[PDB]
Structure formats: structure tokens, C-alpha cells
Amino acid sequence: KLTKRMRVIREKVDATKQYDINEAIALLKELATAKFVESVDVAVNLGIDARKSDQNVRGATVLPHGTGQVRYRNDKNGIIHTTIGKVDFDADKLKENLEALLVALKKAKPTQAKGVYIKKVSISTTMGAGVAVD
RNA sequence: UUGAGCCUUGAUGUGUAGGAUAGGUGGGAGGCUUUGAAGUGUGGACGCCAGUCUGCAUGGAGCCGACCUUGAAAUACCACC
């Protein structure tokens, strides 16, 4: 299945560990080893029911460092995806992007949402491995 | 032993347009390749038997992304599932 590069992408990052917000921003430099400039996509598994139309989260947040206001909306399962800019942006720069997104999701808390909201926040680059933040 | 929760990993998913036994969504267009390649001998899993996956290796270093038909993009690539 996997090959020379794709194995090392999962060997560098410990899958069975949820890193801190100060750790995932700098570790993603090892994953991006492409010719071009990649971008970081954020996967947030919202604790909402996608089969209920009254709990849909829809909105847009302003990225302090651009890519650059982005738009987002969850799928028919519960996980919402949006980018927070390029990978060549500094680690502290992506720190500002990620925290502004997390507050934005909490600024659109559904009224009928019963349960813990996020329970897992994960980010990944274009050639990135599974990296979750606290 | 035999069931279930669950970690890692790996496969699975053809109304119909159709080169795809392509679920939604999604970031980006290079990955791939001599940390030993396309095609094939032959064997296994799966199988709605349509066509994917895949052990060894002669061989021996090439394959392929937006492009095109689609409501959707190409497990070339990854992430959440």
C-alpha cells in the first residue's frame, strides 16, 4: 500500500497522542516536503446531529494572516472542514488562525445541541498525517 | 477457544452519464520512481462474478493531477470519517 515517503509521514508523527496547540503548529514542517506551497485544512468533528436541521452550524471567520476570509459548513455527518492558510506561514501565525476558528465555532453554538461540542480537533497539511490538538 | 467494547493497521463500498466493483465532504495539483520500475507468469482475499486488490520474480526504472462525460471528484496525495 504505502511507499517510501508515505510511511515516514506516519513514522514522524505519533498517531496515539493528542499534541498541544503549541506543538502541532511547529511539527507540520516535517510533513510538508513538496515542491509547491501547501495549506492546512482543519477537521472539526462537531458534537451535533447532522440528521437535525435545527443544529446546522454555518458562518464565516476572518483569518488574521490570510491564505483571506474563508467560509465553512458541516457535511451530512457532523464534521466541518475549512483551511487556515498556507503551510509556509510561521508556526505562531497558524496559532492565531486555529484559535480564531475554534472561537468562531463556539460563537455559532446550536440551541438544541446536547453533548460535548468538539471532543477532537485535528489539523493536517496537504501531505500531512493525522495530528490532533487539545 | 468463542462473542462484545476498544487501539494500531488494511480493505470495503458497480441506479444512471461512463476509461473507474467512483459514499459525503475537502486542502491542493504534483506525487510517483532506481530506501530496486510499467506490463505479465502464477497464487491468495473480496466478489452484486462487473472489475479492483495483491505474495515472489525474470523483467528491470517507469506511472500519472486539474484537463473529459458527471449531482460529485479522480485511495496520482492526504486528513476527518
# chains A, B, ... in the order shown; residues from 1 in each chain; ligands from 1

call {"tool": "interface_residues", "arguments": {"of": "chain A", "to": "chain B", "cutoff": "6 Å", "atoms": "only C-alpha atoms (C1' of nucleotides)", "output": "PyMOL selection string"}}
result
chain A and resi 41+43+75+124+126-128

call {"tool": "write_last_selection", "arguments": {"atoms": "N, CA, C and O atoms", "output": "short mmCIF file (atom, residue, chain, number, x, y, z; two decimals), in the first residue's frame"}}
result
data_model
loop_
_atom_site.label_atom_id
_atom_site.label_comp_id
_atom_site.auth_asym_id
_atom_site.auth_seq_id
_atom_site.Cartn_x
_atom_site.Cartn_y
_atom_site.Cartn_z
N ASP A 41 -5.64 22.21 6.32
CA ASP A 41 -7.08 22.06 6.45
C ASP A 41 -7.42 21.58 7.86
O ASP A 41 -6.76 20.68 8.39
N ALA A 43 -10.07 19.88 10.44
CA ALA A 43 -11.22 18.99 10.56
C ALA A 43 -11.74 19.06 11.99
O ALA A 43 -11.04 18.66 12.93
N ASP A 75 -20.82 18.82 6.95
CA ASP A 75 -21.34 17.89 5.96
C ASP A 75 -22.58 17.20 6.51
O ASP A 75 -23.14 17.60 7.54
N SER A 124 -4.33 19.14 9.49
CA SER A 124 -3.43 18.42 8.62
C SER A 124 -3.10 19.28 7.41
O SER A 124 -3.90 20.12 6.99
N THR A 126 -1.40 19.32 3.25
CA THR A 126 -1.72 18.58 2.03
C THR A 126 -1.07 17.19 2.04
O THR A 126 -1.71 16.19 1.70
N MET A 127 0.19 17.12 2.46
CA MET A 127 0.88 15.84 2.62
C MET A 127 1.01 15.49 4.10
O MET A 127 2.01 14.91 4.52
N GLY A 128 0.00 15.85 4.90
CA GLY A 128 0.08 15.73 6.33
C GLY A 128 -0.54 14.45 6.88
O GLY A 128 -1.39 13.82 6.26
#

call {"tool": "residues_around", "arguments": {"residues": "residue 13 (chain B)", "least_positions_apart": "6", "cutoff": "10 Å", "atoms": "only C-alpha atoms (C1' of nucleotides)", "output": "JSON, numbers by chain"}}
result
{"B": [21, 22, 23]}

call {"tool": "write_last_selection", "arguments": {"atoms": "N, CA, C and O atoms (P, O5', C5', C4', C3', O3' and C1' of nucleotides)", "output": "PDB file, in the first residue's frame"}}
result
ATOM      1  P     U B  21     -15.938  -0.247 -12.862  1.00  0.00           P
ATOM      2  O5'   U B  21     -15.878  -1.478 -11.855  1.00  0.00           O
ATOM      3  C5'   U B  21     -15.293  -1.331 -10.570  1.00  0.00           C
ATOM      4  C4'   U B  21     -16.291  -1.597  -9.473  1.00  0.00           C
ATOM      5  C3'   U B  21     -15.819  -1.299  -8.060  1.00  0.00           C
ATOM      6  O3'   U B  21     -15.886   0.076  -7.724  1.00  0.00           O
ATOM      7  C1'   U B  21     -16.846  -3.422  -8.107  1.00  0.00           C
ATOM      8  P     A B  22     -14.646   0.781  -6.983  1.00  0.00           P
ATOM      9  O5'   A B  22     -14.867   2.336  -7.246  1.00  0.00           O
ATOM     10  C5'   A B  22     -15.887   3.055  -6.569  1.00  0.00           C
ATOM     11  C4'   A B  22     -15.649   4.541  -6.642  1.00  0.00           C
ATOM     12  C3'   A B  22     -16.776   5.425  -6.130  1.00  0.00           C
ATOM     13  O3'   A B  22     -16.796   5.553  -4.720  1.00  0.00           O
ATOM     14  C1'   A B  22     -16.072   6.214  -8.233  1.00  0.00           C
ATOM     15  P     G B  23     -18.088   5.069  -3.896  1.00  0.00           P
ATOM     16  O5'   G B  23     -18.874   6.416  -3.571  1.00  0.00           O
ATOM     17  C5'   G B  23     -20.294   6.449  -3.582  1.00  0.00           C
ATOM     18  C4'   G B  23     -20.841   7.192  -2.390  1.00  0.00           C
ATOM     19  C3'   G B  23     -20.292   8.593  -2.171  1.00  0.00           C
ATOM     20  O3'   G B  23     -20.951   9.564  -2.966  1.00  0.00           O
ATOM     21  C1'   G B  23     -20.247   7.394  -0.129  1.00  0.00           C
TER      22        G B  23
END

call {"tool": "select_by_dssp", "arguments": {"residues": "region 22-101 of chain A", "states": "alpha helix (DSSP H)", "output": "ChimeraX atom specification"}}
result
/A:22-27,91-101

call {"tool": "atom_distance", "arguments": {"atom1": "CA of residue 80 (chain A)", "atom2": "CA of residue 48 (chain A)"}}
result
10.8 Å

call {"tool": "residues_around", "arguments": {"residues": "residue 37 (chain B)", "least_positions_apart": "3", "cutoff": "7 Å", "atoms": "only C-alpha atoms (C1' of nucleotides)", "output": "PDB file with N, CA, C and O atoms (P, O5', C5', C4', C3', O3' and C1' of nucleotides), in the first residue's frame"}}
result
ATOM      1  P     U B  33       6.719   4.856  -5.607  1.00  0.00           P
ATOM      2  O5'   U B  33       7.936   4.802  -6.630  1.00  0.00           O
ATOM      3  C5'   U B  33       7.845   4.036  -7.822  1.00  0.00           C
ATOM      4  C4'   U B  33       9.026   4.284  -8.723  1.00  0.00           C
ATOM      5  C3'   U B  33      10.394   4.120  -8.081  1.00  0.00           C
ATOM      6  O3'   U B  33      10.805   2.768  -7.990  1.00  0.00           O
ATOM      7  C1'   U B  33      10.339   6.130  -9.329  1.00  0.00           C
ATOM      8  P     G B  60      14.786  -5.709 -19.398  1.00  0.00           P
ATOM      9  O5'   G B  60      14.812  -4.640 -18.217  1.00  0.00           O
ATOM     10  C5'   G B  60      13.787  -3.665 -18.082  1.00  0.00           C
ATOM     11  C4'   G B  60      13.560  -3.310 -16.634  1.00  0.00           C
ATOM     12  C3'   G B  60      14.485  -2.252 -16.053  1.00  0.00           C
ATOM     13  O3'   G B  60      14.059  -0.934 -16.351  1.00  0.00           O
ATOM     14  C1'   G B  60      14.365  -4.094 -14.575  1.00  0.00           C
ATOM     15  P     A B  61      14.861  -0.034 -17.414  1.00  0.00           P
ATOM     16  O5'   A B  61      14.100   1.365 -17.369  1.00  0.00           O
ATOM     17  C5'   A B  61      12.700   1.425 -17.136  1.00  0.00           C
ATOM     18  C4'   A B  61      12.393   2.163 -15.857  1.00  0.00           C
ATOM     19  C3'   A B  61      13.024   3.541 -15.713  1.00  0.00           C
ATOM     20  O3'   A B  61      12.265   4.569 -16.334  1.00  0.00           O
ATOM     21  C1'   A B  61      13.386   2.280 -13.735  1.00  0.00           C
ATOM     22  P     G B  62      12.391   4.862 -17.911  1.00  0.00           P
ATOM     23  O5'   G B  62      11.199   4.023 -18.559  1.00  0.00           O
ATOM     24  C5'   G B  62       9.873   4.538 -18.600  1.00  0.00           C
ATOM     25  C4'   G B  62       8.966   3.810 -17.638  1.00  0.00           C
ATOM     26  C3'   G B  62       7.592   4.429 -17.411  1.00  0.00           C
ATOM     27  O3'   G B  62       6.642   4.086 -18.405  1.00  0.00           O
ATOM     28  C1'   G B  62       8.587   3.988 -15.329  1.00  0.00           C
TER      29        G B  62
END

call {"tool": "residues_around", "arguments": {"residues": "residue 74 (chain B)", "least_positions_apart": "5", "cutoff": "12 Å", "atoms": "only C-alpha atoms (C1' of nucleotides)", "output": "list in words"}}
result
residues 19, 20, 22, 29, 64, 65, 66, 67 and 68 of chain B

call {"tool": "write_last_selection", "arguments": {"atoms": "N, CA, C and O atoms (P, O5', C5', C4', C3', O3' and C1' of nucleotides)", "output": "PDB file, in the first residue's frame"}}
result
ATOM      1  P     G B  19     -16.237   5.587 -21.844  1.00  0.00           P
ATOM      2  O5'   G B  19     -15.558   4.638 -20.760  1.00  0.00           O
ATOM      3  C5'   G B  19     -14.820   3.490 -21.157  1.00  0.00           C
ATOM      4  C4'   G B  19     -13.551   3.345 -20.357  1.00  0.00           C
ATOM      5  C3'   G B  19     -13.716   3.306 -18.845  1.00  0.00           C
ATOM      6  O3'   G B  19     -14.087   2.027 -18.362  1.00  0.00           O
ATOM      7  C1'   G B  19     -11.994   4.820 -19.407  1.00  0.00           C
ATOM      8  P     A B  20     -15.221   1.886 -17.232  1.00  0.00           P
ATOM      9  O5'   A B  20     -14.509   2.405 -15.905  1.00  0.00           O
ATOM     10  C5'   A B  20     -13.371   1.740 -15.379  1.00  0.00           C
ATOM     11  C4'   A B  20     -13.168   2.067 -13.921  1.00  0.00           C
ATOM     12  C3'   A B  20     -14.375   1.855 -13.021  1.00  0.00           C
ATOM     13  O3'   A B  20     -14.537   0.504 -12.629  1.00  0.00           O
ATOM     14  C1'   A B  20     -13.409   3.967 -12.570  1.00  0.00           C
ATOM     15  P     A B  22     -14.646   0.781  -6.983  1.00  0.00           P
ATOM     16  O5'   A B  22     -14.867   2.336  -7.246  1.00  0.00           O
ATOM     17  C5'   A B  22     -15.887   3.055  -6.569  1.00  0.00           C
ATOM     18  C4'   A B  22     -15.649   4.541  -6.642  1.00  0.00           C
ATOM     19  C3'   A B  22     -16.776   5.425  -6.130  1.00  0.00           C
ATOM     20  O3'   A B  22     -16.796   5.553  -4.720  1.00  0.00           O
ATOM     21  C1'   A B  22     -16.072   6.214  -8.233  1.00  0.00           C
ATOM     22  P     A B  29      -0.888  23.908  -5.537  1.00  0.00           P
ATOM     23  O5'   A B  29      -0.128  22.574  -5.949  1.00  0.00           O
ATOM     24  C5'   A B  29       0.333  22.388  -7.275  1.00  0.00           C
ATOM     25  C4'   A B  29      -0.035  21.024  -7.800  1.00  0.00           C
ATOM     26  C3'   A B  29      -0.014  20.861  -9.317  1.00  0.00           C
ATOM     27  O3'   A B  29       1.267  20.494  -9.826  1.00  0.00           O
ATOM     28  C1'   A B  29      -2.051  19.997  -8.422  1.00  0.00           C
ATOM     29  P     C B  64      -0.558   5.578 -16.557  1.00  0.00           P
ATOM     30  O5'   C B  64      -1.183   6.004 -15.155  1.00  0.00           O
ATOM     31  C5'   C B  64      -1.985   7.171 -15.033  1.00  0.00           C
ATOM     32  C4'   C B  64      -1.415   8.122 -14.012  1.00  0.00           C
ATOM     33  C3'   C B  64      -2.047   9.506 -13.953  1.00  0.00           C
ATOM     34  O3'   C B  64      -3.253   9.541 -13.205  1.00  0.00           O
ATOM     35  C1'   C B  64       0.312   9.709 -13.967  1.00  0.00           C
ATOM     36  P     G B  65      -4.519  10.374 -13.746  1.00  0.00           P
ATOM     37  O5'   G B  65      -4.814  11.438 -12.595  1.00  0.00           O
ATOM     38  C5'   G B  65      -3.759  12.199 -12.024  1.00  0.00           C
ATOM     39  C4'   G B  65      -4.223  13.549 -11.536  1.00  0.00           C
ATOM     40  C3'   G B  65      -4.884  14.447 -12.574  1.00  0.00           C
ATOM     41  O3'   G B  65      -6.262  14.168 -12.759  1.00  0.00           O
ATOM     42  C1'   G B  65      -3.210  15.666 -11.455  1.00  0.00           C
ATOM     43  P     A B  66      -7.016  14.666 -14.089  1.00  0.00           P
ATOM     44  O5'   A B  66      -7.434  16.169 -13.764  1.00  0.00           O
ATOM     45  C5'   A B  66      -8.269  16.477 -12.656  1.00  0.00           C
ATOM     46  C4'   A B  66      -8.206  17.946 -12.322  1.00  0.00           C
ATOM     47  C3'   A B  66      -8.817  18.883 -13.354  1.00  0.00           C
ATOM     48  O3'   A B  66     -10.221  19.029 -13.212  1.00  0.00           O
ATOM     49  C1'   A B  66      -6.663  19.656 -12.776  1.00  0.00           C
ATOM     50  P     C B  67     -11.229  18.395 -14.294  1.00  0.00           P
ATOM     51  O5'   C B  67     -10.548  18.691 -15.705  1.00  0.00           O
ATOM     52  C5'   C B  67     -10.556  19.993 -16.275  1.00  0.00           C
ATOM     53  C4'   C B  67      -9.618  20.073 -17.451  1.00  0.00           C
ATOM     54  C3'   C B  67     -10.156  19.531 -18.767  1.00  0.00           C
ATOM     55  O3'   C B  67     -10.959  20.469 -19.463  1.00  0.00           O
ATOM     56  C1'   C B  67      -7.986  18.663 -18.380  1.00  0.00           C
ATOM     57  P     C B  68     -12.552  20.268 -19.566  1.00  0.00           P
ATOM     58  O5'   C B  68     -12.726  18.739 -19.980  1.00  0.00           O
ATOM     59  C5'   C B  68     -12.524  18.318 -21.321  1.00  0.00           C
ATOM     60  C4'   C B  68     -13.019  16.910 -21.535  1.00  0.00           C
ATOM     61  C3'   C B  68     -14.449  16.635 -21.101  1.00  0.00           C
ATOM     62  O3'   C B  68     -15.409  17.063 -22.052  1.00  0.00           O
ATOM     63  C1'   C B  68     -13.033  14.908 -20.316  1.00  0.00           C
TER      64        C B  68
END

call {"tool": "residues_around", "arguments": {"residues": "residue 100 (chain A)", "least_positions_apart": "5", "cutoff": "10 Å", "atoms": "only C-alpha atoms (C1' of nucleotides)", "output": "list in words"}}
result
residues 61, 62, 63, 64, 84, 94, 95 and 105 of chain A

call {"tool": "select_by_dssp", "arguments": {"residues": "region 2-131 of chain A", "states": "strand (DSSP E)", "output": "PyMOL selection string"}}
result
chain A and resi 39-45+58-61+70-73+79-86+121-124+131

call {"tool": "closest_atom_pairs", "arguments": {"of": "region 5-27 of chain A", "to": "region 117-123 of chain A", "cutoff": "12 Å", "atoms": "only C-alpha atoms", "output": "JSON lines"}}
result
{"residue": "A:15", "atom": "CA", "partner": "A:122", "partner_atom": "CA", "distance": 11.6}
{"residue": "A:17", "atom": "CA", "partner": "A:122", "partner_atom": "CA", "distance": 11.5}
{"residue": "A:18", "atom": "CA", "partner": "A:122", "partner_atom": "CA", "distance": 8.8}
{"residue": "A:19", "atom": "CA", "partner": "A:122", "partner_atom": "CA", "distance": 9.7}
{"residue": "A:20", "atom": "CA", "partner": "A:121", "partner_atom": "CA", "distance": 10.6}
{"residue": "A:21", "atom": "CA", "partner": "A:121", "partner_atom": "CA", "distance": 10.0}
{"residue": "A:23", "atom": "CA", "partner": "A:123", "partner_atom": "CA", "distance": 11.8}
{"residue": "A:24", "atom": "CA", "partner": "A:123", "partner_atom": "CA", "distance": 8.2}
{"residue": "A:25", "atom": "CA", "partner": "A:123", "partner_atom": "CA", "distance": 9.2}
{"residue": "A:27", "atom": "CA", "partner": "A:123", "partner_atom": "CA", "distance": 11.3}

call {"tool": "closest_residue", "arguments": {"among": "A:92, A:132, A:106, A:85", "to": "residue 14 (chain A)", "atoms": "only C-alpha atoms"}}
result
A:132

call {"tool": "closest_residue", "arguments": {"among": "B:9, B:55, B:14, B:63", "to": "residue 42 (chain B)", "atoms": "only C-alpha atoms (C1' of nucleotides)"}}
result
B:55
